[PDB]
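Participant: Please find run.pdb (PDB, C-alpha atoms) on the next line:
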MODEL        1
ATOM      1  CA  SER A  39      -0.081 -28.395  -2.523
ATOM      2  CA  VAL A  40      -0.922 -24.620  -2.547
ATOM      3  CA  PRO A  41      -1.410 -22.764  -5.903
ATOM      4  CA  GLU A  42       0.504 -19.483  -6.634
ATOM      5  CA  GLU A  43      -2.776 -17.568  -6.750
ATOM      6  CA  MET A  44      -6.184 -18.172  -5.182
ATOM      7  CA  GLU A  45      -9.535 -16.415  -4.895
ATOM      8  CA  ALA A  46      -9.275 -13.917  -2.016
ATOM      9  CA  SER A  47     -12.639 -15.218  -0.624
ATOM     10  CA  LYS A  48     -11.075 -18.681  -0.121
ATOM     11  CA  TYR A  49      -7.577 -17.599   0.995
ATOM     12  CA  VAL A  50      -6.974 -18.177   4.753
ATOM     13  CA  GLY A  51      -3.137 -17.813   4.676
ATOM     14  CA  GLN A  52      -2.228 -21.278   3.305
ATOM     15  CA  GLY A  53       1.251 -21.108   1.744
ATOM     16  CA  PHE A  54       2.105 -17.724   3.369
ATOM     17  CA  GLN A  55       5.888 -17.531   3.580
ATOM     18  CA  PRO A  56       8.143 -14.438   3.855
ATOM     19  CA  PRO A  57      11.620 -14.837   2.181
ATOM     20  CA  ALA A  58      13.425 -17.415   4.437
ATOM     21  CA  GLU A  59      15.886 -20.353   4.748
ATOM     22  CA  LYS A  60      14.554 -23.938   4.976
ATOM     23  CA  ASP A  61      16.435 -24.221   8.356
ATOM     24  CA  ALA A  62      14.727 -20.993   9.631
ATOM     25  CA  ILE A  63      11.239 -22.290   8.576
ATOM     26  CA  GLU A  64      11.882 -25.639  10.355
ATOM     27  CA  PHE A  65      13.199 -23.722  13.454
ATOM     28  CA  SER A  66       9.957 -21.630  13.646
ATOM     29  CA  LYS A  67       7.893 -24.871  13.802
ATOM     30  CA  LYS A  68      10.045 -26.498  16.514
ATOM     31  CA  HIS A  69       9.922 -23.413  18.824
ATOM     32  CA  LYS A  70       6.468 -21.941  18.020
ATOM     33  CA  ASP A  71       5.414 -21.595  21.736
ATOM     34  CA  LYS A  72       8.694 -20.033  22.944
ATOM     35  CA  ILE A  73       8.864 -17.643  19.963
ATOM     36  CA  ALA A  74       5.170 -16.661  20.480
ATOM     37  CA  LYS A  75       5.875 -16.011  24.216
ATOM     38  CA  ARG A  76       8.988 -13.871  23.387
ATOM     39  CA  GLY A  77       7.017 -11.931  20.719
ATOM     40  CA  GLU A  78       4.246 -11.167  23.238
ATOM     41  CA  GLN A  79       6.918 -10.165  25.811
ATOM     42  CA  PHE A  80       8.494  -7.752  23.257
ATOM     43  CA  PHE A  81       5.204  -5.813  22.825
ATOM     44  CA  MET A  82       4.628  -5.678  26.605
ATOM     45  CA  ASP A  83       8.236  -4.493  27.355
ATOM     46  CA  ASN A  84       8.326  -1.842  24.596
ATOM     47  CA  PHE A  85       4.717  -0.656  24.156
ATOM     48  CA  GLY A  86       3.049  -1.627  27.474
ATOM     49  CA  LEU A  87       0.413  -3.570  25.515
ATOM     50  CA  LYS A  88      -0.957  -7.108  25.846
ATOM     51  CA  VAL A  89      -0.832  -8.872  22.437
ATOM     52  CA  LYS A  90      -1.473 -12.443  21.240
ATOM     53  CA  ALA A  91       0.726 -14.258  18.646
ATOM     54  CA  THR A  92      -1.249 -15.239  15.514
ATOM     55  CA  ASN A  93       1.575 -16.693  13.412
ATOM     56  CA  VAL A  94       5.176 -17.770  13.804
ATOM     57  CA  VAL A  95       7.222 -18.115  10.624
ATOM     58  CA  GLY A  96      10.742 -18.484   9.257
ATOM     59  CA  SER A  97      12.027 -15.055   8.041
ATOM     60  CA  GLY A  98      15.514 -14.535   6.550
ATOM     61  CA  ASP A  99      17.870 -16.665   8.655
ATOM     62  CA  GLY A 100      15.655 -16.079  11.728
ATOM     63  CA  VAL A 101      11.973 -16.021  12.616
ATOM     64  CA  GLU A 102       9.071 -13.559  12.684
ATOM     65  CA  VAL A 103       6.036 -13.329  15.020
ATOM     66  CA  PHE A 104       2.737 -11.809  13.842
ATOM     67  CA  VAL A 105       0.631 -10.470  16.733
ATOM     68  CA  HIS A 106      -2.906  -9.131  17.256
ATOM     69  CA  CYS A 107      -3.632  -6.489  19.869
ATOM     70  CA  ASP A 108      -7.080  -5.716  21.336
ATOM     71  CA  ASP A 109      -6.151  -4.045  24.623
ATOM     72  CA  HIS A 110      -8.088  -1.071  26.142
ATOM     73  CA  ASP A 111      -9.719  -0.737  22.621
ATOM     74  CA  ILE A 112      -6.226  -0.325  21.020
ATOM     75  CA  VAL A 113      -6.554  -2.722  18.041
ATOM     76  CA  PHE A 114      -3.830  -3.642  15.509
ATOM     77  CA  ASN A 115      -1.833  -6.409  13.873
ATOM     78  CA  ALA A 116       1.946  -6.188  13.727
ATOM     79  CA  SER A 117       5.038  -8.361  13.368
ATOM     80  CA  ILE A 118       8.519  -8.490  14.838
ATOM     81  CA  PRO A 119      11.571 -10.381  13.457
ATOM     82  CA  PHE A 120      13.918 -12.299  15.779
ATOM     83  CA  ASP A 121      17.218 -14.165  15.515
ATOM     84  CA  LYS A 122      17.096 -17.903  16.424
ATOM     85  CA  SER A 123      18.933 -16.825  19.662
ATOM     86  CA  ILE A 124      15.531 -15.466  20.923
ATOM     87  CA  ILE A 125      14.925 -18.949  22.536
ATOM     88  CA  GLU A 126      18.011 -18.519  24.794
ATOM     89  CA  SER A 127      16.455 -16.349  27.542
ATOM     90  CA  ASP A 128      13.328 -14.813  29.130
ATOM     91  CA  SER A 129      15.205 -11.596  30.066
ATOM     92  CA  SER A 130      13.838  -8.136  29.179
ATOM     93  CA  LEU A 131      13.296  -7.374  25.496
ATOM     94  CA  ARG A 132      13.283  -3.542  26.124
ATOM     95  CA  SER A 133      14.763  -2.158  22.859
ATOM     96  CA  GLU A 134      17.386   0.573  22.322
ATOM     97  CA  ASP A 135      16.770   0.488  18.499
ATOM     98  CA  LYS A 136      16.708   4.099  17.134
ATOM     99  CA  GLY A 137      16.459   3.032  13.460
ATOM    100  CA  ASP A 138      13.616   3.334  10.899
ATOM    101  CA  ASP A 139      12.229  -0.201  11.645
ATOM    102  CA  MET A 140      11.514   0.790  15.298
ATOM    103  CA  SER A 141       9.889   4.100  14.155
ATOM    104  CA  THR A 142       7.828   2.101  11.574
ATOM    105  CA  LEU A 143       6.721  -0.384  14.287
ATOM    106  CA  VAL A 144       5.768   2.558  16.545
ATOM    107  CA  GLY A 145       3.589   3.856  13.624
ATOM    108  CA  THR A 146       2.017   0.378  13.251
ATOM    109  CA  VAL A 147       1.134   0.305  16.988
ATOM    110  CA  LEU A 148      -0.116   3.940  16.798
ATOM    111  CA  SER A 149      -2.616   2.882  14.039
ATOM    112  CA  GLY A 150      -4.299   0.993  16.926
ATOM    113  CA  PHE A 151      -4.436   4.253  18.956
ATOM    114  CA  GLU A 152      -5.960   6.025  15.909
ATOM    115  CA  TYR A 153      -8.563   3.232  15.729
ATOM    116  CA  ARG A 154      -9.549   3.766  19.387
ATOM    117  CA  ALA A 155      -9.656   7.602  18.929
ATOM    118  CA  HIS A 156     -12.167   7.135  15.992
ATOM    119  CA  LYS A 157     -13.687   3.728  17.010
ATOM    120  CA  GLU A 158     -17.433   4.448  16.560
ATOM    121  CA  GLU A 159     -16.885   6.107  13.086
ATOM    122  CA  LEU A 160     -14.540   3.358  11.887
ATOM    123  CA  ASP A 161     -16.938   0.592  13.127
ATOM    124  CA  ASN A 162     -19.742   2.390  11.198
ATOM    125  CA  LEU A 163     -17.533   2.324   8.064
ATOM    126  CA  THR A 164     -16.941  -1.456   8.561
ATOM    127  CA  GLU A 165     -20.719  -2.025   8.750
ATOM    128  CA  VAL A 166     -21.326   0.096   5.548
ATOM    129  CA  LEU A 167     -18.664  -1.930   3.647
ATOM    130  CA  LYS A 168     -20.495  -5.176   4.679
ATOM    131  CA  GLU A 169     -23.837  -3.578   3.598
ATOM    132  CA  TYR A 170     -22.669  -2.909   0.025
ATOM    133  CA  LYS A 171     -20.554  -5.986  -0.842
ATOM    134  CA  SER A 172     -23.463  -7.471  -2.909
ATOM    135  CA  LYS A 173     -24.439  -4.244  -4.751
ATOM    136  CA  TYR A 174     -20.813  -3.331  -5.724
ATOM    137  CA  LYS A 175     -19.749  -6.973  -6.220
ATOM    138  CA  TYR A 176     -16.767  -7.312  -3.865
ATOM    139  CA  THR A 177     -15.397  -9.155  -0.807
ATOM    140  CA  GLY A 178     -12.551  -8.271   1.487
ATOM    141  CA  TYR A 179      -9.798 -10.589   2.734
ATOM    142  CA  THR A 180     -10.896 -13.440   5.034
ATOM    143  CA  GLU A 181     -10.473 -12.923   8.798
ATOM    144  CA  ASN A 182      -7.846 -15.749   8.888
ATOM    145  CA  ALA A 183      -5.838 -14.158   6.063
ATOM    146  CA  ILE A 184      -5.589 -10.765   7.853
ATOM    147  CA  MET A 185      -4.798 -12.374  11.264
ATOM    148  CA  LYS A 186      -2.022 -14.636   9.924
ATOM    149  CA  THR A 187      -0.467 -12.643   7.056
ATOM    150  CA  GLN A 188      -0.845  -8.869   7.639
ATOM    151  CA  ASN A 189       1.140  -6.567   9.955
ATOM    152  CA  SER A 190       0.518  -2.912   8.975
ATOM    153  CA  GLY A 191      -1.522  -1.860  12.014
ATOM    154  CA  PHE A 192      -5.308  -1.699  12.460
ATOM    155  CA  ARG A 193      -6.955  -3.841   9.794
ATOM    156  CA  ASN A 194     -10.161  -5.741   9.143
ATOM    157  CA  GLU A 195     -11.428  -7.712   6.101
ATOM    158  CA  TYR A 196     -12.241  -4.463   4.221
ATOM    159  CA  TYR A 197      -9.630  -1.810   5.072
ATOM    160  CA  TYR A 198      -6.511  -0.857   6.952
ATOM    161  CA  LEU A 199      -5.611   2.364   8.824
ATOM    162  CA  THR A 200      -2.161   4.093   8.682
ATOM    163  CA  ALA A 201      -0.724   6.420  11.397
ATOM    164  CA  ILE A 202       2.330   8.698  11.559
ATOM    165  CA  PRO A 203       5.504   6.985  12.906
ATOM    166  CA  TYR A 204       7.547   8.277  15.890
ATOM    167  CA  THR A 205      10.496   6.977  17.881
ATOM    168  CA  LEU A 206      10.065   4.627  20.857
ATOM    169  CA  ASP A 207      11.135   7.560  23.155
ATOM    170  CA  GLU A 208       8.337   9.676  21.598
ATOM    171  CA  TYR A 209       5.919   6.704  22.058
ATOM    172  CA  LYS A 210       6.910   6.365  25.759
ATOM    173  CA  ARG A 211       6.547  10.130  26.393
ATOM    174  CA  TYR A 212       3.349  10.941  24.441
ATOM    175  CA  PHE A 213       1.324   7.757  23.827
ATOM    176  CA  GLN A 214       1.973   4.909  26.339
ATOM    177  CA  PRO A 215       0.540   7.052  29.292
ATOM    178  CA  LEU A 216      -2.791   7.318  27.368
ATOM    179  CA  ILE A 217      -3.574   3.523  27.303
ATOM    180  CA  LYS A 218      -5.226   3.289  30.788
ATOM    181  CA  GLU A 219      -7.197   6.589  30.408
ATOM    182  CA  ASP A 220     -10.981   6.722  29.898
ATOM    183  CA  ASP A 221     -12.191   7.281  26.292
ATOM    184  CA  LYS A 222     -12.828  11.055  26.716
ATOM    185  CA  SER A 223      -9.366  11.571  28.346
ATOM    186  CA  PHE A 224      -7.817   9.275  25.669
ATOM    187  CA  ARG A 225      -9.271  11.307  22.774
ATOM    188  CA  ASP A 226      -8.167  14.609  24.469
ATOM    189  CA  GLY A 227      -4.670  13.100  24.947
ATOM    190  CA  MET A 228      -4.455  12.086  21.238
ATOM    191  CA  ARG A 229      -5.414  15.685  20.207
ATOM    192  CA  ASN A 230      -2.728  17.152  22.554
ATOM    193  CA  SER A 231      -0.082  14.633  21.272
ATOM    194  CA  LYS A 232      -0.612  15.881  17.670
ATOM    195  CA  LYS A 233      -0.241  19.532  18.769
ATOM    196  CA  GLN A 234       2.992  18.789  20.738
ATOM    197  CA  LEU A 235       4.482  16.635  17.883
ATOM    198  CA  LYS A 236       3.247  19.200  15.270
ATOM    199  CA  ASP A 237       1.191  16.728  13.167
ATOM    200  CA  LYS A 238      -1.475  18.567  11.087
ATOM    201  CA  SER A 239      -2.287  15.465   8.937
ATOM    202  CA  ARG A 240      -5.126  12.937   9.341
ATOM    203  CA  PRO A 241      -4.814   9.115   9.473
ATOM    204  CA  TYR A 242      -5.481   7.310   6.173
ATOM    205  CA  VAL A 243      -8.156   4.630   5.663
ATOM    206  CA  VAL A 244      -7.526   2.513   2.490
ATOM    207  CA  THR A 245      -9.966  -0.257   1.436
ATOM    208  CA  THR A 246      -8.738  -3.735   0.265
ATOM    209  CA  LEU A 247     -11.629  -4.932  -1.890
ATOM    210  CA  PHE A 248     -11.610  -7.889  -4.279
ATOM    211  CA  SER A 249     -14.070  -7.832  -7.196
ATOM    212  CA  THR A 250     -16.344 -10.913  -7.542
ATOM    213  CA  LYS A 251     -16.446 -10.323 -11.371
ATOM    214  CA  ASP A 252     -14.846 -13.091 -13.461
ATOM    215  CA  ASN A 253     -13.853 -10.348 -15.974
ATOM    216  CA  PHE A 254     -12.771  -7.444 -13.695
ATOM    217  CA  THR A 255     -10.937  -4.555 -15.406
ATOM    218  CA  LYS A 256     -10.126  -1.010 -14.212
ATOM    219  CA  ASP A 257     -12.222   0.323 -17.175
ATOM    220  CA  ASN A 258     -15.337  -1.813 -16.427
ATOM    221  CA  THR A 259     -15.419  -1.200 -12.624
ATOM    222  CA  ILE A 260     -14.360   2.531 -12.388
ATOM    223  CA  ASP A 261     -17.984   3.827 -12.729
ATOM    224  CA  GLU A 262     -19.236   1.477  -9.984
ATOM    225  CA  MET A 263     -16.415   2.708  -7.655
ATOM    226  CA  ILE A 264     -17.212   6.370  -8.441
ATOM    227  CA  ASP A 265     -20.847   5.599  -7.563
ATOM    228  CA  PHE A 266     -19.940   3.785  -4.330
ATOM    229  CA  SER A 267     -17.693   6.816  -3.345
ATOM    230  CA  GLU A 268     -20.716   9.112  -3.903
ATOM    231  CA  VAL A 269     -22.869   6.803  -1.689
ATOM    232  CA  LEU A 270     -20.134   6.866   1.068
ATOM    233  CA  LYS A 271     -19.865  10.730   0.988
ATOM    234  CA  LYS A 272     -23.597  10.877   1.944
ATOM    235  CA  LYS A 273     -23.168   8.570   5.014
ATOM    236  CA  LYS A 274     -23.060  10.974   7.963
ATOM    237  CA  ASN A 275     -21.798   8.463  10.576
ATOM    238  CA  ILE A 276     -18.561   7.360   8.791
ATOM    239  CA  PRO A 277     -15.039   9.015   9.099
ATOM    240  CA  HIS A 278     -15.501  12.352   7.257
ATOM    241  CA  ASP A 279     -12.628  13.743   9.442
ATOM    242  CA  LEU A 280     -10.142  11.048   8.182
ATOM    243  CA  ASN A 281      -8.495  10.526   4.763
ATOM    244  CA  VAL A 282     -10.607   7.751   3.188
ATOM    245  CA  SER A 283      -9.796   6.063  -0.151
ATOM    246  CA  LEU A 284     -11.628   3.320  -2.030
ATOM    247  CA  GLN A 285      -9.477   0.608  -3.693
ATOM    248  CA  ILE A 286     -10.699  -2.463  -5.600
ATOM    249  CA  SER A 287      -8.781  -5.143  -7.539
ATOM    250  CA  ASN A 288      -9.481  -8.523  -9.217
ATOM    251  CA  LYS A 289     -10.639 -11.581  -7.148
ATOM    252  CA  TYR A 290      -7.157 -13.113  -6.729
ATOM    253  CA  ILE A 291      -4.438 -13.025  -4.079
ATOM    254  CA  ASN A 292      -0.824 -14.235  -4.171
ATOM    255  CA  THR A 293      -0.721 -17.091  -1.586
ATOM    256  CA  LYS A 294       3.004 -16.883  -0.655
ATOM    257  CA  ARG A 295       3.061 -13.039  -0.623
ATOM    258  CA  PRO A 296      -0.524 -11.706  -0.073
ATOM    259  CA  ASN A 297       0.479  -8.060  -0.587
ATOM    260  CA  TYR A 298      -2.524  -5.971  -1.744
ATOM    261  CA  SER A 299      -0.269  -2.930  -2.534
ATOM    262  CA  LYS A 300       1.379  -4.933  -5.421
ATOM    263  CA  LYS A 301      -2.003  -5.574  -7.125
ATOM    264  CA  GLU A 302      -3.514  -3.615 -10.039
ATOM    265  CA  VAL A 303      -6.198  -1.439  -8.474
ATOM    266  CA  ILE A 304      -8.826   1.179  -9.124
ATOM    267  CA  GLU A 305      -8.452   4.037  -6.624
ATOM    268  CA  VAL A 306     -11.269   6.541  -5.916
ATOM    269  CA  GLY A 307     -10.981   9.247  -3.243
ATOM    270  CA  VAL A 308     -13.827   9.412  -0.695
ATOM    271  CA  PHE A 309     -12.558  12.008   1.869
ATOM    272  CA  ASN A 310      -9.317  13.978   1.581
ATOM    273  CA  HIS A 311      -7.787  16.657   3.831
ATOM    274  CA  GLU A 312      -4.353  17.186   2.085
TER     275      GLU A 312
ENDMDL
END
Just dump the structure as structure tokens.

Facilitator:
Amino acid sequence: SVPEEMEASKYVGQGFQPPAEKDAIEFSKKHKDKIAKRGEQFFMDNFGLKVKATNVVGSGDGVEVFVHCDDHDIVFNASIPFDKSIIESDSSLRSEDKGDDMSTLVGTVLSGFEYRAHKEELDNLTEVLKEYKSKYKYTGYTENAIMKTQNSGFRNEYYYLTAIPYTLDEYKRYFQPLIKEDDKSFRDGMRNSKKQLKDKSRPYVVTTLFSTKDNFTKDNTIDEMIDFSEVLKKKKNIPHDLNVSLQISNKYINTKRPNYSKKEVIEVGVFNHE
């Protein structure tokens, strides 16, 4: 069996299950390849990106496909729900959805564009978080846990990045044409998109750290987090131009619902542009 809670260092997604019917869960297992293929098709039809399914699960009375994208340095994880009727065809999945869920998905995909636009800086931050896990007594999620259970956009073991949402029409007009550009042209394009869409804000980087202390408390780890923030502020090669926030919690993770945002955390600002 799978316990309700596990150490984050040992959690690889076992027991992960969004709210769903027994029939829907069984359906997801019987049509894993078809659902994965349709999920990949959805991201190609709507975003012009090549993605790979990482997980197929029952969700509500239907199914849900988690995908990972690493295409032209656009990197993110996302998910899409489907009705069981998704197995009925291979016809275009081009969406006419104008609702909040489509705008939110656009924002999730755009986190991957934000990653590419600040790749070197963000990769330097990843390296620094690996460098200090012993000193500040933490781990991140496992690679399997983030690949199979998370869908917010760009994410690694230690942090996730959040971008501003837009409609699919806005995505098609301002961002899809940038995918095939060279890095210099891509970064210029991203700058111009923000000016045209009147976005004066910066993407947010939020860490997802799990203390290795058996007796973690907010009161006994706050000083260590303040000190780590001070260390980070002095690293020249990390994202000074982004909003960066340090979060740490206890060593555990809910196996069925591994949602870091529902945990009790310490939060210390590193860089802020608000």

Participant: Can you list, as number ranges by chain, the residues that the PyMOL selection byres ((chain A and resi 208) around 12) selects here?

Facilitator: A: 84-85, 136, 140-141, 144-145, 148, 202-207, 209-215, 231-232, 234-235

Participant: One number please: CA of residue 176 in chain A to CA of residue 297 in chain A, in Å, one decimal.

Facilitator: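 Between these atoms lies a distance of 17.6 Å.
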
Participant: Could you jot down the CA of residue 104 in chain A to CA of residue 303 in chain A separation for me, Å, one decimal place?

Facilitator: 26.2 Å

Participant: If we count all atoms listed in the file and set the cut-off at 8 Å, which residues sit around range 113-116 of chain A, ignoring sequence neighbours fewer than 6 positions away in its own chain? Please answer as a PyMOL selection string.

Facilitator: chain A and resi 104-107+143+146-147+149-151+153-154+185+188-193

Participant: Which neighbours of range 219-221 of chain A fall inside 10 Å, counting all atoms listed in the file, when residues of the same chain fewer than 5 positions from it are skipped, and could you give them as a ChimeraX atom specification?

Facilitator: /A:110-111,154-155,226-227

Participant: I need the chosen residues saved as a short mmCIF file (atom, residue, chain, number, x, y, z; two decimals), keeping the file's coordinate frame, with C-alpha atoms.

Facilitator:
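Result file is again.cif:
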data_model
loop_
_atom_site.label_atom_id
_atom_site.label_comp_id
_atom_site.auth_asym_id
_atom_site.auth_seq_id
_atom_site.Cartn_x
_atom_site.Cartn_y
_atom_site.Cartn_z
CA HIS A 110 -8.09 -1.07 26.14
CA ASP A 111 -9.72 -0.74 22.62
CA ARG A 154 -9.55 3.77 19.39
CA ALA A 155 -9.66 7.60 18.93
CA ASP A 226 -8.17 14.61 24.47
CA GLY A 227 -4.67 13.10 24.95
#

Participant: Evaluate the PyMOL selection byres ((chain A and resi 160) around 12) here and jot the selected residues down as number ranges by chain.

Facilitator: A: 113, 150, 152-159, 161-167, 192-194, 196-199, 241-245, 275-282

Participant: Applying 7 Å and only C-alpha atoms, which residues near range 86-99 of chain A remain after dropping the ones on its own chain fewer than 4 positions away? List them as a PDB file with C-alpha atoms, in the frame of the given file.

Facilitator:
ATOM      1  CA  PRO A  56       8.143 -14.438   3.855  1.00  0.00           C
ATOM      2  CA  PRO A  57      11.620 -14.837   2.181  1.00  0.00           C
ATOM      3  CA  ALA A  58      13.425 -17.415   4.437  1.00  0.00           C
ATOM      4  CA  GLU A  59      15.886 -20.353   4.748  1.00  0.00           C
ATOM      5  CA  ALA A  62      14.727 -20.993   9.631  1.00  0.00           C
ATOM      6  CA  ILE A  63      11.239 -22.290   8.576  1.00  0.00           C
ATOM      7  CA  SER A  66       9.957 -21.630  13.646  1.00  0.00           C
ATOM      8  CA  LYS A  70       6.468 -21.941  18.020  1.00  0.00           C
ATOM      9  CA  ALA A  74       5.170 -16.661  20.480  1.00  0.00           C
ATOM     10  CA  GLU A  78       4.246 -11.167  23.238  1.00  0.00           C
ATOM     11  CA  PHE A  81       5.204  -5.813  22.825  1.00  0.00           C
ATOM     12  CA  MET A  82       4.628  -5.678  26.605  1.00  0.00           C
ATOM     13  CA  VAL A 103       6.036 -13.329  15.020  1.00  0.00           C
ATOM     14  CA  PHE A 104       2.737 -11.809  13.842  1.00  0.00           C
ATOM     15  CA  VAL A 105       0.631 -10.470  16.733  1.00  0.00           C
ATOM     16  CA  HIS A 106      -2.906  -9.131  17.256  1.00  0.00           C
ATOM     17  CA  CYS A 107      -3.632  -6.489  19.869  1.00  0.00           C
ATOM     18  CA  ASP A 109      -6.151  -4.045  24.623  1.00  0.00           C
ATOM     19  CA  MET A 185      -4.798 -12.374  11.264  1.00  0.00           C
ATOM     20  CA  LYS A 186      -2.022 -14.636   9.924  1.00  0.00           C
ATOM     21  CA  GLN A 214       1.973   4.909  26.339  1.00  0.00           C
TER      22      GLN A 214
END

Participant: Using CA of residue 180 in chain A and CA of residue 108 in chain A as the two end points, give the distance in Å to one decimal.

Facilitator: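 Computing it gives 18.4 Å between the two atoms.
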
Participant: Take the PyMOL selection byres ((chain A and resi 119) around 8), apply it to the structure above, and return the hits as a list in words.

Facilitator: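 Given this file, the PyMOL selection byres ((chain A and resi 119) around 8) evaluates to residues 97, 100, 101, 102, 103, 117, 118, 120 and 121 of chain A.
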
Participant: Between A:125, A:216, A:40, A:183, which one has atoms that come closest to residue 296 in chain A, using all atoms listed in the file?

Facilitator: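 Checking each of A:125, A:216, A:40, A:183 against residue 296 in chain A, counting all atoms listed in the file, the winner is A:183.
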
Participant: Need the shell around residue 41 in chain A: protein/DNA/RNA residues with any atom at most 9 Å away, counting all atoms listed in the file. Skip same-chain ones fewer than 5 positions apart. Format as JSON, numbers by chain?

Facilitator: {"A": [53, 292, 293]}

Participant: Which one of A:64, A:73, A:291, A:174 sits closest to residue 126 in chain A if you count only C-alpha atoms?

Facilitator: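 Looking only at the distances to residue 126 in chain A, the closest residue turns out to be A:73.
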
Participant: At most 8 Å from (-19.5, 1.1, -1.8), file frame, only C-alpha atoms: which residues, as an MDAnalysis selection string?

Facilitator: chainID A and resid 166:167 170:171 173:174 263 265:267 269:270

Participant: May I have the residues within 7 Å of residue 45 in chain A as JSON, numbers by chain, using only C-alpha atoms and disregarding those fewer than 2 positions away in the same chain?

Facilitator: {"A": [47, 48, 49, 289, 290, 291]}
